[PDB]
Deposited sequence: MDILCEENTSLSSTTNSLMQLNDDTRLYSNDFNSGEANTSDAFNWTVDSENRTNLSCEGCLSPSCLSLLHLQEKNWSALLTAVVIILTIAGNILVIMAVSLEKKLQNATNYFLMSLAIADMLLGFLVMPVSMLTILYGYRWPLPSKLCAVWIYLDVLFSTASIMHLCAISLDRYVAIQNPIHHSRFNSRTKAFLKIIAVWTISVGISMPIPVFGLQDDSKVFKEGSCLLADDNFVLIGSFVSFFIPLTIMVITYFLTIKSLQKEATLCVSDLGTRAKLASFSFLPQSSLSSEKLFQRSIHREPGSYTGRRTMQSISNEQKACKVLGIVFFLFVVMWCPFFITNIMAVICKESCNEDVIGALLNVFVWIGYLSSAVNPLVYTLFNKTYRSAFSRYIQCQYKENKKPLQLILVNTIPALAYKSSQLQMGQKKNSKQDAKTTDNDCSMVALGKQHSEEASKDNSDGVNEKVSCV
């Protein structure tokens, strides 16, 4: 059911930009690209995880395909985090300095920000396909599909998520501070706050459990950590479905487009 919503919401978002040409602004191209990453993640990755859940957490799929699956789950997931990080940076720049942002608000730089995000997503996720496909034990370890290089993993989870997280946590808070510096401004503070709170609460638990697992493997119980990771990956996947409904709620035209289709 999470997979259905995750696919469907992004599918509606991507068409609504095309079917309704009013949302041809530069921002909604970023928003449709984030929807693309989320829908791709829902289509390619998540039913496989549901299948492993049914089959007992053993990888029925061909052996080397396990290597690319994890790679997809890094690239599509890292892209969404980088999309939201760039959204936070650009929206903070818009709030703090609205006039000067309009001078450089041309779409030509907006496309460079897209190429930057989708380039950094590949740059972060380079090792997993080539290394995992070469050595099964690196990414197929324990008989269940899992990425198992501690040295690479603990830094990779950090740069991919925490570095955007501090950029989000230092920009979002500052965006509220700019609004504070009446009713028009303060209404944005709460709506920004809920969006920040959900994605932090839904993304962060997986990563802290992963880093806690790698560091504390000597001093922790494996089974509880495994169950927690099994559920927290689902919650992180729900993070993908979350954003289209947020789009539906605050914007008039997306709501009309989804009501029609």
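The chain's deposited sequence has unresolved stretches at 1-82, 264-314, 395-471, with no C-alpha coordinates there.
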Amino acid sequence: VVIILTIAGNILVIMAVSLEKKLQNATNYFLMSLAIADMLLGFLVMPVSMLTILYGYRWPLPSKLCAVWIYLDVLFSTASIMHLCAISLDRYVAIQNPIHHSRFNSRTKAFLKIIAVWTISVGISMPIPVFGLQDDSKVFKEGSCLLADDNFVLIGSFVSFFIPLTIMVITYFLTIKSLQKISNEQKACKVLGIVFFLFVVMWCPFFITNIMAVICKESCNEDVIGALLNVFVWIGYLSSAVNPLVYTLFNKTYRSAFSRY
From here on, numbers count along this sequence of modelled residues.
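Here, rigid core means the biggest group of C-alpha atoms that superpose within 1.5 Å across both forms.
Fitting each structure in 6 other deposited structures of this protein onto the rigid core and averaging C-alpha distances over structures and residues, 182-190 emerges as the more displaced of 182-190 and 70-78.
Greater C-alpha displacement in 6 other deposited structures of this protein (rigid core superposition, RMS over structures and residues), of 82-90 versus 106-114: 106-114. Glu218 is a gap in at least a third of the other entries compared, counting only those with both neighbours built.
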